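1. structure here, sequence nowhere to be found:
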Ligand SMILES: *[C@@H]1O[C@H](CO)[C@@H](O)[C@H](O)[C@H]1NC(C)=O
């Protein structure tokens, strides 16, 4: 089985540097061009760089030329991407990918195997825990249907946060939305749940929010109001 | 750069459907065009190479065609493991470029969103910001328009949307739209409404509240 | 399986040299001496192999590169040559292992008043690496003035038309070229002689 394993990703400041590694097994490394392809959050695929089998030919996307350097080490069966002068728009999951054809050429080929990627996050924001606010169910619904309640997890960095409900005892009907990156550089996210309105007086509902990078762990009670 | 486009941007299909999606290059790339398939949280997999050759382990219901500028991927009978996003990629010239993807999701009977509006909490208003949240719960299809109206005036530029992946149990989506105002601007108005249009709604639906439980 | 060489040599249309066509040959058997004994080729020079010993050798890949140049330029299609074609269009490495085959194609590739079709790269900011291909058409900024996407003062469209007229002398006549290269790697050698 062919295996590609990326590492080295993390949170960097704009202008900073980071080196990515890709450890390969299961094929003759030197016979194959190798590639870096990245994927911005919620976006498509974006090809970054290649290096031929013997390391003699390299190429770069214009956006990274002069900042990034690709290289390979035959003795270590490893591919590297040296990323200098990083910009926010470099934020992406970075895949390494092997060319399909054993050849010293590098065009007209496909990428037959991809690693699972390593995350590169380029931001000037500082680590910061979220504030947690209730999304309180409506007291106006007289219908016996389901009621919606939730928790707003606003202004944190970096990703990720996790949210559970009632210490993991409530999972059905839960929707925890993907974070959005606000213009302030901080993330925000809501988690909601629909429950039977007939239980609104009885059942207690608490969202459990955890943000490890800031060491924030908050439990917010969510109940009808007035 | 050779620009790659794809059509349609998204497709709703059922198991057993025949599916045709297309990819276009801004100039000739001969047949040096590849197709990848990608599922959420996972790396892409090579499906088709040099326009028409199936990768090992890809089943015969897949085929690819085209040479020059226009290419097509055809799935003769869509199977559950085929729901995914599909990307084409030209290998003819560096830098290599990708099409923007076609997402194929699971068709199910139309379900209108259940809409709920949430005023900012007193706690948050102490802090000087008001976040107003409008929830669209358990709907299908994915397309939905959410518009905010403050004292009947249409808002722009002050809301953000987030959507879930198609649900594993009922094949629905849920969506949040968050309106973000300063406390100062929030208290300049009375009526906060999000208005939703969706295939499952004969007419746009509005949920609103008057600032201060009025 | 006979290797599909007849589709290379007898293709109705041939690439411009700047956008040289490359075909990968694999999993097939090839008779190279039939090519050597053809009498239609006015050039047949091999490097790192003997045309005779080709039928007794196996390789991982055979590459067939093809394009049109003018007769005077066939000499540039060899290892260690210089000129517009070698530098800017199609470059063979020093350790080239393969053969260069060419033949006059004036009957097919010349047109009265000139042929617009066949192009070559005249300006490039650097020389090509071996087997590198460059199909870009960005205007060449020869000086400090920006070109803004249009040819002009110190701003040259990088590709030029040969303009093959049927009455030209042989040096200015079009020649079709096919370059075979042989690659042996650790992967199985699937293309063999008879
Ligand atoms: C091309 O065609 C001619 C005549 O039809 C034939 O003699 C020749 O062998 C062909 N060339 C190749 C490489 O097959």
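-> Received, thanks. Numbering: from 1, shown residues only, chains lettered A, B, ... in the order given.
2. so the residue in chain A that the ligand sits nearest to is in which element?
-> Using CB to the nearest ligand atom, the point where chain A gets nearest to the ligand is residue A:108, with a distance of 22.0 Å. Just so you know, the C-beta spots here come from the backbone N, C-alpha and C atoms, and that holds for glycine as well. Per DSSP states H and E, residue A:108 falls between elements, in no helix or strand.
3. contact partners for it?
-> Residue A:108 sits next to B:32, B:50, B:91-92, C:22, C:24 when contact means CB atoms under 8 Å, 6 or more residues apart in numbering or on different chains.
4. run the last query once more with 7 Å
-> If you count contacts by CB atoms under 7 Å, 6 or more residues apart in numbering or on different chains, residue A:108 has them with B:32, B:91-92, C:22.
5. next step: the residues you listed restricted to helices.
-> Judged by DSSP state H, the contacts of residue A:108 include no members of helices.
6. want to throw the residues you listed into CSV with distance to residue A:126?
-> Below are the contacts of residue A:108 laid out as CSV (distance: CB to CB, whole Å):
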residue, distance to residue A:126
B:32, 46
B:91, 42
B:92, 45
C:22, 51
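7. wait, what's in contact with the closest residue to residue A:116 other than its chain neighbours?
-> Of all residues not flanking residue A:116 in the chain, residue B:43 sits nearest, at 5.3 Å (CB to CB, 6 or more residues apart in numbering or on different chains). Residue B:43 makes contacts with A:95, A:114-117, as judged by CB under 7 Å, 6+ apart.
8. does stretch B:103-116 come close to chain A?
-> Yes: judged by CB under 7 Å from any CB of the partner chain, stretch B:103-116 comes into contact with chain A through residue B:116.
9. start and end of that stretch, how far apart?
-> For stretch B:103-116, the first-to-last residue distance is 28 Å (CA to CA, to the nearest Å).
10. distance of whichever residue of chain B sits closest to chain C from residue C:135?
-> Relative to chain C, the nearest point of chain B is residue B:93 (5.2 Å; CB to the nearest CB). If you measure residue B:93 against residue C:135 using CB to CB, to the nearest Å, the figure is 5 Å.
11. same question for residue C:1.
-> 32 Å.
12. neighbour count for the two, which is higher?
-> Taking other CB atoms under 10 Å in any protein chain shown, residue C:1 and residue C:135 do not tie; residue C:135 has more neighbours (17 against 10).
13. domain parsing of chain B, as residue ranges.
-> Using automatic domain parsing, the domain ranges for chain B come out as B:4-106, B:114-210.
14. for the ligand, find the nearest of those.
-> Of all the domains of chain B, domain B:4-106 comes closest under CB to the nearest ligand atom, at 20.5 Å.
15. quick check: residue C:106 touching residue C:174?
-> Yes: distance between residue C:106 and residue C:174: 6.1 Å, which falls inside the contact criterion (CB atoms under 7 Å).
16. which of the two has more residues huddled nearby?
-> For residue C:106 and residue C:174, the more surrounded residue by other CB under 10 Å is residue C:174, and the numbers stand at 25 against 17.
17. who touches that one in this structure?
-> Residues in contact with residue C:174, defined by CB under 7 Å, 6+ apart, are C:68, C:70, C:105-106, C:109-110, C:118, C:162, C:164.
18. which residue, other than its chain neighbours, is closest to it?
-> Beyond its immediate neighbours in the sequence, the residue positioned closest to residue C:174 (CB to CB, 6+ apart) is residue C:109, lying 3.7 Å away.
19. can you tell me how far residue A:95 is from chain B?
-> Remark: distance between residue A:95 and chain B (CB to the nearest CB, to the nearest Å) = 6 Å.
20. ok, then the element right after the helix or strand where that residue lies?
-> Using DSSP H and E, the element containing residue A:95 is strand A:92-99. Next helix or strand after strand A:92-99 toward the C-terminus (DSSP H and E): strand A:111-114.
21. tell me who's in contact with residue B:72.
-> By CB under 7 Å, 6+ apart, the residues touching residue B:72 are B:20, B:22, B:64-66.
22. and these near chain A, which?
-> Contacts with chain A are made by none of the contacts of residue B:72, judged by CB under 7 Å from any CB.
23. picking up where we left off before, let me know the closest of the contacts of residue B:43 to chain C.
-> Each of those was checked against chain C using CB to the nearest CB; the closest is residue A:114, at 20.2 Å.
24. residues in a beta bridge with the closest one, which ones?
-> Beta-bridge pairing of residue A:114 under DSSP bridges involves residue A:97.
25. same thing with residue B:176?
-> Residue B:176 has these beta-bridge partners by DSSP bridges: residue B:135, residue B:162.
26. same question, the one 4 residues further on
-> For residue B:180, the beta-bridge assignment (DSSP bridges) gives partners residue B:131.
27. pretty sure it contacts residue B:155?
-> No: the pair residue B:180 and residue B:155 fails to qualify as a contact (CB under 7 Å) at a distance of 10.3 Å.
28. who has more neighbours out of these two?
-> Neighbour totals were compared for residue B:180 and residue B:155, and residue B:180 leads with 20 against 16 (other CB under 10 Å).
29. how near is residue A:92 to chain B?
-> If you measure residue A:92 against chain B using CB to the nearest CB, the figure is 13 Å.
30. tell me how many other residues crowd that residue.
-> Counted with other CB under 10 Å, the neighbours of residue A:92 add up to 22.
31. what of the one 4 residues further on?
-> By the measure other CB under 10 Å, the count of residues near residue A:96 is 31.
32. tell me the contacts of it?
-> A:4, A:6, A:22, A:34-36, A:79, A:115.
33. how close does it sit to chain C?
-> Here residue A:96 is placed at a distance of 20 Å from chain C (CB to the nearest CB).
34. likewise for residue A:23?
-> When CB to the nearest CB is the yardstick, residue A:23 and chain C sit 20 Å from each other.
35. ditto for residue A:9
-> Noted for residue A:9: a distance of 31 Å to chain C, by CB to the nearest CB.
36. quick one, what contacts the residue nearest to that residue when sequence neighbours are not counted?
-> By the measure of CB to CB, 6+ apart, the closest residue to residue A:9 outside its immediate chain neighbours is residue A:118, 3.5 Å from it. Under the criterion of CB under 7 Å, 6+ apart, the contact partners of residue A:118 comprise A:6-9, A:20, A:94.
37. which two of those residues have the greatest separation?
-> Comparing every pair within the contacts of residue A:118 by CB to CB identifies A:7 and A:94 as the most remote, at 10.3 Å.
38. give me the number of residues near the residue nearest to residue A:62 when sequence neighbours are not counted?
-> Once flanking residues are discounted, residue A:62 sits nearest to residue B:95: 6.8 Å by CB to CB, 6+ apart. Here the neighbour count serves as a burial measure; for residue B:95 (other CB under 10 Å) it reads 19.
39. OK, contacts around residue B:95?
-> When contacts are taken as CB under 7 Å, 6+ apart, residue B:95 is in contact with A:47, A:59, A:61-62, B:1.
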